[PDB]
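Okay, structure first, notes after.
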Amino acid sequence: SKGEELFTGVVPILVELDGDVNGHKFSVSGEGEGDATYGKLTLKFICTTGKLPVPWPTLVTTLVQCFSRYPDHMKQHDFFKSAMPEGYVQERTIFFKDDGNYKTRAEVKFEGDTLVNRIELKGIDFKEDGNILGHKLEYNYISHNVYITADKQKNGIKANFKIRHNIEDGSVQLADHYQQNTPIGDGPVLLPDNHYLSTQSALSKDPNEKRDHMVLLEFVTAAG
């Protein structure tokens, strides 16, 4: 089980995101640690360019599934850890219903003992007065699952899932995700049988942090 050993204890994480939505540029940096044994992620993200032009909840999925807890009987289906330390490229298109879309390209890999997630995000066709640019989304999270399937044609995995972002009027802003992950090394990786990753999220704020930011606590477990 190559790559698994790199996740046996607590691992420091660094996230770097460069975005541009409807021409509005922004950057986000994140730091924290992951404990894959418990499928636990603890991270704090900061918008280093000022005010985030989009809702923090809409960036959660974009901002390291290698930290998921895979039950012992499912260890042969952990594509994410198997690609380490070289890593994998993670790409998505996220369609916000009745609004614009995000296109993301990220590289997740180890740089020394730090697991790094470096992201490029481009958003187009958003409504200036819509739920995203207008910041009309509640600061929380309710979606949990994603069905992961193998993508042999690309020697990786893929997934399609909907994320629901609660709005104050009781309605929901849908964010339809289409995902594809491919290894960075020419090395071996595990192409998994179908399964789910179920994530419990928790968004919060550091009462003593003045910069625009997001504190995130997540627990992810594989099943199915």
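Just so you know, these numbers use all the heavy atoms, side chains as well, and skip hydrogens, waters and symmetry mates. If you read the sequence from its start, that first residue is 1, and numbering goes on from there.
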**Salt-bridge contact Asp206-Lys44 (side-chain N to carboxylate O under 4.0 Å)** = yes
**Request:** Would you check, one step at a time, whether the test side-chain contact (heavy atoms from CB on, under 4.5 Å) holds for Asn145 with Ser143?
**Result:** CA-CA 6 Å; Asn145 300 186; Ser143 297; over 6 Å; no
**Prompt:** Under 3.5 Å, side chain of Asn117 to main-chain N/O of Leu63, donor-acceptor pair present?
**Reply:** yes
**Request:** State yes or no: are the ring centers of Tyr38 and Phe67 separated by less than 6.0 Å?
**Result:** no
**Asked** What distance separates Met84 CE from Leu115 CG, expressed to the nearest 0.5 Å?
**Response** 5.5 Å
**Item:** Gap separating the CD atom of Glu91 from the CD atom of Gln180, nearest 0.5 angstrom
**Value:** 6.0 Å
**Request:** Please determine, by modelled atom types, if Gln179 and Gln65 share a side-chain donor-acceptor pair under 3.5 angstrom.
**Result:** yes
**Asked** How far does CG of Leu121 sit from CZ of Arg92, to the nearest 0.5 angstrom?
**Response** 11.0 Å
**Request:** Please check if atom CD in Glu31 has more than 12 non-hydrogen atoms from other residues, nucleotides or ligands closer than 6.0 Å.
**Result:** no
**Request:** Taking the side chain as every heavy atom from C-beta outward, state whether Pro57 and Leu203 have any atom pair closer than 4.5 Å.
**Result:** yes
**Prompt:** Going through the distances and angles, do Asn181 and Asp151 end up as a side-chain hydrogen bond (donor to acceptor under 3.5 Å, both in side chains)?
**Reply:** CA-CA 8 Å; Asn181 289 43; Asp151 186 343; over 6 Å; no
**Message:** Can you confirm whether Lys97 is buried at NZ, in the sense that more than 12 heavy atoms of other residues, nucleotides or ligands lie under 6.0 Å from that atom?
**Reply:** no
**Request:** Show the numbers, then the answer: is there a side-chain contact (heavy atoms from CB on, under 4.5 Å) between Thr114 and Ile13?
**Result:** CA-CA 6 Å; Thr114 302; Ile13 297 171; 5.8 Å; no
**Request:** Test side-chain hydrogen bond (donor to acceptor under 3.5 Å, both in side chains) on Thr199 and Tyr141 and set out the steps.
**Result:** CA-CA 10 Å; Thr199 290; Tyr141 222 77; over 6 Å; no
**Prompt:** How about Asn160 and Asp176: does a side-chain donor come under 3.5 Å of a side-chain acceptor?
**Reply:** yes
**Prompt:** Step by step, would you call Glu218 with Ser201 a side-chain hydrogen bond (donor to acceptor under 3.5 Å, both in side chains)?
**Reply:** CA-CA 5 Å; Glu218 279 180 342; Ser201 296; 3.2 Å; yes
**Request:** Specify whether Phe80 and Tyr70 have parallel, tilted or perpendicular ring planes, treating 30° as the upper limit for parallel and 60° as the lower limit for perpendicular.
**Result:** tilted
**Asked** Can any side-chain N or O of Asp99 pair as donor or acceptor with the backbone N or O of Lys127 at less than 3.5 Å?
**Response** yes
**Prompt:** How are the rings of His165 and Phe96 set relative to one another: parallel (under 30°), tilted (30 to 60°) or perpendicular (over 60°)?
**Reply:** parallel
**Request:** Please determine, by modelled atom types, if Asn194 and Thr149 share a side-chain donor-acceptor pair under 3.5 angstrom.
**Result:** no
**Asked** Do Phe161 and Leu197 share a hydrophobic cluster (ILVMFWY, side-chain heavy atoms under 4.5 Å, transitive)?
**Response** yes
**Asked** Quick one: OH on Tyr178 to NZ on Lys162, what's the gap to the nearest 0.5 Å?
**Response** 5.5 Å
**Asked** Does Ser29 reach the side chain of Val15, with side-chain heavy atoms less than 4.5 Å apart?
**Response** no
**Message:** Keeping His213 on the side-chain end and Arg211 on the backbone end, is there a donor-acceptor pair under 3.5 Å?
**Reply:** yes
**Message:** Under 4.5 Å between side-chain heavy atoms, counting indirect links through other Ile/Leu/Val/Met/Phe/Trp/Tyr residues: same cluster for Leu191 and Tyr88 or not?
**Reply:** yes
**Request:** Grab the two heavy atoms, one from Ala36 and one from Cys66, that are nearest each other, plus how far apart they are.
**Result:** CB-O, 4.2 Å
**Message:** Nearest 0.5 Å, please: how far is CG in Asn166 from OH in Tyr139?
**Reply:** 15.0 Å
**salt_bridge(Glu107, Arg105) N-O dist < 4.0 Å** = yes
**Request:** Hey, could you give me the CG/CD1 distance between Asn101 and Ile132, rounded to the nearest 0.5 Å?
**Result:** 10.5 Å
**Asked** Would you say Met74 and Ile148 are hydrophobically clustered, going by side-chain heavy atoms of ILVMFWY under 4.5 Å?
**Response** yes
**Prompt:** Shortest non-hydrogen contact from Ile94 to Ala175?
**Reply:** CG2-CB, 3.8 Å
**Prompt:** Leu41 and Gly34: which non-hydrogen atoms are nearest, and at how many Å?
**Reply:** CD2-CA, 4.1 Å
**Item:** Distance-minimising heavy-atom pair for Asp35 and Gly9
**Value:** OD1-O, 3.9 Å
**Request:** Please say whether the positively charged group of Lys40, taken as NZ for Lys or CZ for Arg, lies over the ring of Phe219, i.e. under 6.0 angstrom from the six-membered ring centre and within 45 degrees of the axis.
**Result:** no
**Message:** Can you confirm whether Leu216 sits close enough to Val60 that some side-chain heavy atom of one is under 4.5 Å from a side-chain heavy atom of the other?
**Reply:** yes
**Prompt:** With a 4.0 Å cut-off, would you call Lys122 and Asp20 a salt bridge?
**Reply:** yes
**From CA spacing to verdict: side-chain contact (heavy atoms from CB on, under 4.5 Å), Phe95, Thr93** = CA-CA 6 Å; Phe95 299 88; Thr93 293; 3.2 Å; yes
**Request:** Output, in order, the C-alpha distance, side-chain angles, deciding distance and verdict of side-chain contact (heavy atoms from CB on, under 4.5 Å) for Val54 and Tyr102.
**Result:** CA-CA 11 Å; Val54 301; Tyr102 290 166; 3.3 Å; yes
**Request:** Using atom types as modelled and distance alone, determine if a side-chain donor or acceptor of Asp212 lies under 3.5 Å from a backbone N or O of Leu52.
**Result:** yes
**Request:** Determine whether the side chains of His195 and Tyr147 contain a donor N or O and an acceptor N or O closer than 3.5 Å.
**Result:** no
**Item:** Smallest separation among heavy atoms of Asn22 and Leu133, with atom names
**Value:** ND2-CD1, 3.6 Å
**Prompt:** Which heavy atom in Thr104 sits nearest to a heavy atom in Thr62, and how many Å separate them?
**Reply:** CG2-OG1, 3.7 Å
**Asked** Going by heavy atoms in the side chains, are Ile184 and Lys109 under 4.5 Å from each other?
**Response** yes
